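In what follows, a structure is listed as structure tokens, so that the remarks can point back to it.
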Amino acid sequence: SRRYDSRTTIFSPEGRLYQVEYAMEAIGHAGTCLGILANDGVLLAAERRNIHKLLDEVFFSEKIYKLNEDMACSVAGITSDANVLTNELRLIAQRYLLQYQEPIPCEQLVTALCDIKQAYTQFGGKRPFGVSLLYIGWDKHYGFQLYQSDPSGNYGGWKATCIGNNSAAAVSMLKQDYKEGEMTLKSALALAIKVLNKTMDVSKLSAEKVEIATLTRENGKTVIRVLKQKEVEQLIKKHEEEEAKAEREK
Amino acid sequence: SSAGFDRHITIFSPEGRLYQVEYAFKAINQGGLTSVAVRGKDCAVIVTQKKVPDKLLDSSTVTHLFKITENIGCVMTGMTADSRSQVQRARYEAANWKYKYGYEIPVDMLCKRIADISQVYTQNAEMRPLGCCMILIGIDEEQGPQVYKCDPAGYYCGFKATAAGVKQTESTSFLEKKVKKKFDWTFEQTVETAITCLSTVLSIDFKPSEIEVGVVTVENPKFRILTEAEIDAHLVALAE
Amino acid sequence: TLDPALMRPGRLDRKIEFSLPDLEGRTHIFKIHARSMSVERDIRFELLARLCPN
Amino acid sequence: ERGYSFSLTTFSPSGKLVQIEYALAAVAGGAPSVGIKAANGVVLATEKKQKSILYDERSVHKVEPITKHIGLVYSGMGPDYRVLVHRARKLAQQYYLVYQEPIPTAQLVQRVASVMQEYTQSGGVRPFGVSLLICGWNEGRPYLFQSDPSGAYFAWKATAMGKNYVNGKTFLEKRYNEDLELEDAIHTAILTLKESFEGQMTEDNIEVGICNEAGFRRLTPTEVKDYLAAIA
Amino acid sequence: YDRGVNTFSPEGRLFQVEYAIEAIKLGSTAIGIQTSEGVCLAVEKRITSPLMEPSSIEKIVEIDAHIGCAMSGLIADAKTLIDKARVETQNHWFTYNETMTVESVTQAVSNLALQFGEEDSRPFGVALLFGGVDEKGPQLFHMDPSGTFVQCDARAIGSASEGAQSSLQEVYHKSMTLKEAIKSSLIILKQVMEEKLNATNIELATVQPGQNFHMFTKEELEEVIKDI
Amino acid sequence: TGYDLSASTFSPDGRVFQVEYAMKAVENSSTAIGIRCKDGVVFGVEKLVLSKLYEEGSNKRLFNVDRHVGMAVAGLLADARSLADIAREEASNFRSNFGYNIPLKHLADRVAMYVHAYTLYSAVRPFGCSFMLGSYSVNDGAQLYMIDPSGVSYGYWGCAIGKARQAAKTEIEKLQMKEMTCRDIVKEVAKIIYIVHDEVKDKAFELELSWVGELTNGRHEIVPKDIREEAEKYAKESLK
Amino acid sequence: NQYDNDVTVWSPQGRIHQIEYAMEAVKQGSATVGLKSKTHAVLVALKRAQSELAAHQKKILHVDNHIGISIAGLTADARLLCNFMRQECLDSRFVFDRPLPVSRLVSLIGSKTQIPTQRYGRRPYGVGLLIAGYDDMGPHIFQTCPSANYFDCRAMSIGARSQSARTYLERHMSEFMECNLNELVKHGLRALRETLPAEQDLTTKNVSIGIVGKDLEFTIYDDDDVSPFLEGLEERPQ
Amino acid sequence: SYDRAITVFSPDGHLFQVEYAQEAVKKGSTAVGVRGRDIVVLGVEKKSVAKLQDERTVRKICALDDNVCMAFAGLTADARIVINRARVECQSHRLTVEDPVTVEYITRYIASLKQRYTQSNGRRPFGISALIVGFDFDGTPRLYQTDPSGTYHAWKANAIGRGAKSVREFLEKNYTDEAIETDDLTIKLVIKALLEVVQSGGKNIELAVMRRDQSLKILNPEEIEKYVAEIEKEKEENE
Amino acid sequence: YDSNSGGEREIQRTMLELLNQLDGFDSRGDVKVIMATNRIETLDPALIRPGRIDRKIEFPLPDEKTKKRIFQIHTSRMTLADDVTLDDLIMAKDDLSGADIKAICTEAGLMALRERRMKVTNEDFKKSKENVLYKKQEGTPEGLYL
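Now the structure itself:
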């Protein structure tokens with residue numbers, strides 16, 4: 002009756018959280034995402050966690066969820082709890098357009114989700130979300146933006162953030178190697194291929210294990226580009242050639 | 005092992021099992037009673053004894069043979085209070101089939117309605133799963149007689165001859181050797197094997213006052229409870 | 326550490342226990358433990374025993 | 003009820019969900035199955051036995067249709083299967099009353115699993131103990147999907163669930179090539195069905211359903227007994 | 008250590024309502040005296056820091072026009088009982104054109120003193142002192158989180174609960190005056206408080222039959238101190 | 006222990022201890038018996054007087070559900086008045102919907118399904134009561150029913166509820182049933198209450214008799230107690 | 004002790020302990036005695052003061068022109084059943100235009116206090132009543148309990164040390180019929196003074212008397228008119 | 002539909018969740034605020050920037066209206082619910098009563114919200130503590146504060162966060178009227194008080210002033226350099 | 295605790311005799327006693343009681359204010375070259391004690407001797423800060439609190 006209640010609401014006697022801390026320490030297992038911007042364009046690197054030979058890959062957007070005509074996201078956590086939030090956040094962006102006939106800016110979409118994730122932690126005794134996801138996009142006020150979501154309902158503005166615990170070493174690379182206003186669509190992609198070559202434990206960076214989606218602003222369209230099969234491989238052959246050239250000083 | 009509250013409410017064990025439903029499987033056996041269902045080629049016999057311990061107790065308010073509709077009869081094992089609540093569900097949803105659809109409900113469709121109700125009682129963790137069994141007979145159009153069995157887990161299947169109650173492993177093992185030797189089954193061969201299977205497992209060789217026969221016929225599709233005089237007719241006929 | 330064999334009559338008969346002061350036995354302690362040191366002659370000790378419940 | 007609605011599935015301090023891991027243990031102790039996609043149709047093959055010779059095999063069915071071209075089997079437990087079948091039957095009709103067009107097979111699995119995920123997060127209930135294999139030939143190319151009690155969805159070519167699935171997983175990894183026909187797929191689905199079955203494979207020990215481009219077609223035991231000759 | 012919130016003791020009492028009366032002892036003390044010339048009322052503010060501006064801390068709150076109050080316990084739980092007691096005097100006047108008596112104010116407050124539960134929360138944590146002048150002369154009432162309404166002649170509640178009531182019965186009689194009751198109360202306060210007695214630690218509120226609006230500020234409180 | 010808190014959980018062998026605990030609460034109560042003759046039902050309830058403790062005629066356990074239906078409640082008296090209101094309210098809706106007097110076969114089944122429904126959930130407890138239903142009709146004769154706290158309700162000729170359950174029904178079956186008028190039964194009930202329950206634990210006690218049948222024109226009423234007083238005079242003749 | 008917590012949980016002995024813990028709440032209250040005659044129903048109560056300056060807590064409270072009750076338990080459960088008690092008397096006054104009989108009022112009370120003794124999450128109403136009424140068949144004295152068992156009695160007493168009051172009433176129950184008012188009341192207050200220590204007694208400040216009868220509306224006397232009732236007495240011998 | 006009490010009493014006469022929620026306020030960045038007669042000042046410490054990432058979205062000093070300014074403590078998720086709730090209330094008060102909302106009315110809205118949010122059932126209390134600063138009509142500079150229990154006061158110099166007792170003890174020995182006389186002296190005083198909280202290299206100190214005639218204006222990082230320089234200049238003149 | 299073996303008896307008597315010899319109460323001549331352990335919760339309770347010890351001095355954790363002297367004191371008896379920066383090493387790392395800085399100073403001393411030098415360069419202090427101090431950085435609630 003009352004002895005079966007799990008009490009996902011009460012503070013720790015230490016004076017902090019007890020249930021959300023378990024998910025925020027869990028989120029670093031089995032997921033790796035990142036995204037970089039400093040100029041026109043923003044990317045999203047993903048990672049195929051298990052690529053078995055008896056699989057279809059007929060969806061062509063596995064971890065990237067194009068949630069709007071101007072935005073997309075990279076999710077990591079419970080697979081099925083992602084599908085609840087991506088169905089919700091896609092629908093929040095559309096009731097805004099019904100009300101104003103104007104596309105939703107990137108700032109006040111993220112705040113609309115983080116109020117939902119918080120409310121399932123305070124009251125109700127509901128299991129909280131174990132989902133940390135990223136944000137890209139373009140608005141009419143600032144432009145190309147990045148955001149980092151948390152299971153606690155906290156967000157923030159970023160330029161080189163990540164998700165996975167394996168990618169905590171990548172932040173040490175990104176603090177070491179990052180440019181302020183010198184991004185291209187080549188210097189940003191070759192940096193991300195350099196990150197996932199070291200942070201992932203897959204040798205030689207097999208092209209069926211990574212996934213890259215970019216957003217550019219062409220004329221008035223905000224083209225969300227999902228690049229597929231051979232441009233990944235020649236990016237690796239570009240990266241392996243530059244590693245073979247720079248090692249000649251040794 | 006016991007993890008969390010797996011011994012108390014309907015949740016999973018670490019072994020991939022759960023216990024409150026398989027505790028309910030032996031919630032039937034405290035009645036101390038056995039029911040036998042036998043299907044023939046043109047009939048379906050339901051035979052079940054009763055125990056009358058008191059002389060100050062009626063012989064008409066005891067019998068577990070219950071009439072669901074004019075063409076569907078049933079027998080109830082398990083405990084008594086839970087069995088009668090299962091019957092009023094069966095009487096009610098057979099009536100809504102007539103009001104909604106127009107024709108008479110099949111005996112196969114009625115066990116889907118019952119087993120889905122028992123699913124939910126398993127499913128919600130804050131209520132009791134009604135440990136009792138449920139055996140139905142009836143004549144279907146262009147299909148012959150049928151025998152079905154519902155369970156407190158919430159599953160059913162078709163049958164040829166299967167008993168329930170306390171003695172299953174002794175009664176069904178008798179009925180396996182009886183069926184697979186490919187005997188004839190007309191009317192009285194079905195009734196005589198339905199008596200002797202209960203009479204060899206329990207080993208009583210009774211008097212015609214404890215068992216009740218609930219046979220239904222292709223020629224007479226009405227569910228019919230036999231009289232004490234004609235039960236004696238079938239019993240002395242198999243006594244050579 | 327109470328032996329029933331010691332509570333046989335002949336060894337231990339009467340029960341005398343000690344309890345806590347209500348208000349004034351505490352203030353009895355405050356007045357004794359302050360004359361030995363140089364204190365102010367314009368202070369009170371009832372306020373201190375109120376701040377000491379147990 | 004009272005209004006309790008408190009979730010009984012919480013995070014472990016290690017950071018996992020314990021009850022969903024236990025629901026996958028109930029799936030592995032179920033009946034084995036095998037589903038193979040072979041470039042013109044999908045073959046679902048289950049392993050259906052009876053505890054005695056007293057049961058009636060023409061009563062309870064495994065390979066089940068959904069609308070006209072969408073088949074569905076399972077490998078978990080019995081009574082939980084009939085709930086989400088009846089749920090998926092009704093759910094495919096609201097697609098048809100709105101869009102007047104048969105539902106794509108990718109669209110059910112987004113919706114059946116969204117029922118099933120939200121079912122675990124809610125309070126007072128347990129998760130299901132049934133994994134599914136949903137298939138169907140829509141828009142030319144056939145499909146073959148798999149769900150789970152966590153509510154995730156995948157896209158296989160040739161998978162196997164139930165007991166001894168790792169033995170069938172290595173067998174289908176060697177036997178199944180990139181492409182076959184439907185008749186080659188039925189031959190190799192039976193050639194992996196009795197990896198851990200009994201000796202006798204009659205028309206009643208297995209039950210196979212296919213999805214042509216003409217539609218879902220469940221095989222009667224006559225053709226199963228006629229194809230089981232010179233099998234494997 | 009988590010039993011039922013609504014469970015009788017094996018001895019017969021309650022669990023959580025018993026703990027509510029214990030939570031009054033940590034609050035500040037308050038003294039009110041009923042006298043036929045009028046009801047005086049006193050409290051101690053217990054200022055914690057000189058950066059804290061004192062006049063935003065109040066304990067005396069007027070109710071309608073002639074009824075004061077004195078809270079002792081949790082501050083924000085008392086703000087719910089005050090805001091209801093103000094409204095329930097206004098519904099009495101805009102349905103009857105007369106002032107609600109001091110006794111029948113406290114009846115309306117003491118109804119939801121123990122109306123907590125799961126359906127239809135926790136008990137409150139403050140005791141009150143309602144004092145006022147109505148048709149039966151001046152009145153003074155006392156309540157508690159157990160909803161035990163009662164009338165007192167001169168009740169003293171708060172931290173000095175036992176110490177003040179013993180000293181108060183030493184010097185009290187029936188034929189008091191108002192000026193005698195005011196100076197007698199602060200004698201009790203300075204014996205039980207720990208700081209000095211100035212114009213910022215205490216405050217008064219005296220309601221009279223003629224001067225119905227109880228009115229007492231600074232620069233008069235200093236006059237009462239320096240005359241004793 | 007550990008399985009005997011909620012009425013929804015099962016024991017590891019398959020029973021419910023919350024129902025088992027409530028039955029022996031009814032066992033710790035004074036004796037109330039009932040018996041029917043060929044044309045009526047006679048109730049008898051032993052009633053305890055501690056020293057004075059009340060009036061002469063307080064808290065009588067011979068309730069009156071319908072014009073032709075009686076009660077012989079025994080056990081926890083507070084929950085007995087709850088069932089008496091539910092049975093009162095049930096018989097009025099049969100009158101309003103259908104337009105004639107409630108048959109006793111329904112009225113036992115309608116109440117027992119309400120008793121059964123409090124044995125399924127963790128929110129409520131089972132009723133700690135057991136009672137008798139006695140009626141008489143010109144088209145159905147007299148019936149006598151009996152409801153336990155579990156909900157098992159069927160017919161009897163003579164039953165007994167209380168501490169002296171098995172000790173009183175031993176000599177009830179020594180009587181005859183068909184060849185007795187209910188005027189003879191009244192002085193036969195009075196000795197059974199007088200034989201059992203010796204004045205050791207309880208010195209003084211009362212004896213209330215209620216009676217419905219052919220002599221009372223189907224209406225239920227108390228017997229003329231102060232009038233003609235043939236019960237206790239014939240009962241105290243068994244002094245040896 | 005694990006089955007001694009909730010009201011829903013039974014016992015392996017067969018006795019619900021939350022009702023048994025509610026009977027002990029009634030014994031904490033002060034004592035009061037109700038009795039009757041052929042034509043009158045008089046209940047006499049004993050008040051307790053909290054301090055020397057506070058007033059005595061009132062015990063007898065008026066309900067209707069012919070029904071008045073006493074109290075022996077909590078105060079929240081007192082007024083919660085009191086507001087239910089006043090409400091039912093004026094409904095039948097509004098619908099049928101007649102006063103309620105006393106017996107069928109109390110049957111509504113036992114049905115009222117049954118629900119919070121069976122469902123989960125509710126406490127029993129820990130309170131004791133002495134309902135004294137008058138209707139078309141004579142005066143009545145009813146007592147209740149938190150176990151929802153109402154008793155039709157002629158003379159009872161409930162509260163602290165009420166066993167000593169009952170023994171006085173058993174050896175004087177024969178004289179409680181041919182007594183008009185003055186020896187009817189002064190038999191009642193001799194039962195209260197036997198629930199007292201031998202150094203204090205009734206002082207016209209802790210005692211109230213309510214009388215209802217044939218030609219008399221239910222009237223509560225306290226502290227002024229108790230003094231004509233407190234005369235011609237005798238001290239308790241020792 | 003949830004019926005479960007979370008905040009109950011203790012055997013000694015205290016609570017549980019309220020003392021636990023004040024612990025989360027103690028694990029926060031410090032933010033102080035003083036007042037004057039024409040201009041108010043408030044600043045936050047422990048910026049803890051990654052120095053490669055965006056910073057316009059990490060701003061934790063906001064305004065509810067054109068008069069009232071916020072500065073909270075504790076966890077950041079619970080602050081965002083209270084702020085966007087209080088923006089609605091100070092906007093709906095303007096709909097009924099035509100005035101700007103006083104600083105006294107908006108703090109009773111927040112404190113009475115936070116109390117009934119602990120009174121009810123099944124609700125995790127907040128873990129924030131606000132500093133509400135705003136100069137009302139007639140030119141009345143004053144500042145209030147809140148508490149997770151639901152109490153509110155009026156202070157002249159507040160300190161919250163991790164190590165508020167050290168900062169409040171520093172302001173306790175600083176009861177001058179001269180520091181509230183000059184404007185830039187009071188701003189440097191906040192910089193002096195926030196200096197002994199964190200490492201305080203003039204880059205982790207975000208302050209904002211309001212001269213009771215204009216909305217809040219964040220001072221520049223070049224302004225914070227000149228203010229830290231004049232603080233270090235006058236401090237070395239003790240010889 | 296008292297056991298039955300001959301292993302603990304040499305401890306409990308010596309513990310009791312020191313408590314006896316400290317408070318023999320005959321003539322001590324104003325002997326001051328300073329006692330220091332790390333923990334207190336698994337200690338002798340009858341020495342925490344008054345009558346013997348009435349001073350319980352605790353040492354709470356320091357801040358980055360106390361570090362800058364400890365960085366100066368540890369980088370004082372060495373060949374500190376005039377091309378090094380220590381203030382960046384203070385600003386970056388937020389949890390390190392006197393043992394850690396001394397472990398940095400020795401690692402800074404070792405890296406100078408490897409490539410056959412006398413003074414210590416700035417990159418040595420950077421590489422010593424990034425090699426030595428990566429042993430206990432685990433567990434902090436960043437980005438949640440304000």
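So the protein lines, in turn, are chains U, H, F, Z, R, S, L, A and X. Take the first sequence: its position 104, counting from 1, is numbered 105 in the UniProt record's numbering, and each next residue is one higher. Take the second sequence: its position 180, counting from 1, is numbered 184 in the UniProt record's numbering, and each next residue is one higher. Take the third sequence: its position 37, counting from 1, is numbered 362 in the UniProt record's numbering, and each next residue is one higher. Take the fourth sequence: its position 15, counting from 1, is numbered 17 in the UniProt record's numbering, and each next residue is one higher. The UniProt record's numbering puts the fifth sequence at residues 8 to 127, 134 to 241. Take the sixth sequence: its position 215, counting from 1, is numbered 220 in the UniProt record's numbering, and each next residue is one higher. Take the seventh sequence: its position 83, counting from 1, is numbered 86 in the UniProt record's numbering, and each next residue is one higher. Take the eighth sequence: its position 136, counting from 1, is numbered 137 in the UniProt record's numbering, and each next residue is one higher. Take the ninth sequence: its position 63, counting from 1, is numbered 357 in the UniProt record's numbering, and each next residue is one higher. Yeah, the Cβ is synthetic: ideal placement off N, Cα and C, and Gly gets one too.
Residues that residue i contacts on chain X, provided the C-beta gap is smaller than 7 Å
| i | result |
| --- | --- |
| residue 203/A | Under the 7 Å cutoff, chain X gives no residues; its nearest Cβ is about 12 Å from residue 203/A. |
8 Å contact criterion, which residue i and residue j should meet: CB distance rounded
| i | j | result |
| --- | --- | --- |
| residue 152/L | residue 82/S | 6 Å |
| residue 128/L | residue 149/L | 6 Å |
| residue 384/X | residue 358/X | 7 Å |
| residue 42/H | residue 165/H | 5 Å |
Within chain R, the residues that residue i reaches when beta carbons sit closer than 8 Å
| i | result |
| --- | --- |
| residue 94/A | Within 8 Å Cβ-Cβ: nothing; residue 94/A doesn't reach chain R, min ~17 Å. |
| residue 4/A | 125 and 126 |
Residues that residue i contacts on chain H, provided the C-beta gap is smaller than 7 Å
| i | result |
| --- | --- |
| residue 15/S | 24, 27, 28 and 31 |
Under 7 Å from the C-beta of residue i: neighbouring residues of chain Z
| i | result |
| --- | --- |
| residue 180/H | 54, 55 and 56 |
Partner residues on chain D for residue i, Cβ-Cβ distance less than 7 Å
| i | result |
| --- | --- |
| residue 123/H | Here the protein chains are U, H, F, Z, R, S, L, A and X, and chain D is not one of them. |
Which residues DSSP lists as bridging residue i, in chain order
| i | result |
| --- | --- |
| residue 139/Z | 144/Z |
Chain-ordered chain A contacts of residue i [CB-CB under 8 Å]
| i | result |
| --- | --- |
| residue 5/Z | 2, 3 and 4 |
Contacts that residue i makes with chain U (C-beta to C-beta distance below 9 Å)
| i | result |
| --- | --- |
| residue 9/H | 4 and 5 |
Where residue i meets chain L, residues with beta-carbon distance less than 7 Å
| i | result |
| --- | --- |
| residue 11/R | 8 and 9 |
Chain R contact residues for residue i, given Cβ-Cβ distances below 7 Å
| i | result |
| --- | --- |
| residue 129/L | 15 |
Query raised in the report: Can you list the beta strand (DSSP E) stretches of 3 or more residues lying completely in the segment 54 to 127 of chain H, in chain order?
Result: 69 to 71 and 76 to 79
Query raised in the report: Where in the segment 72 to 157 of chain S do unbroken runs of the beta strand (DSSP E), each at least 3 residues long, occur, reported from the N-terminal end onward?
Result: 74 to 76, 134 to 142 and 146 to 152
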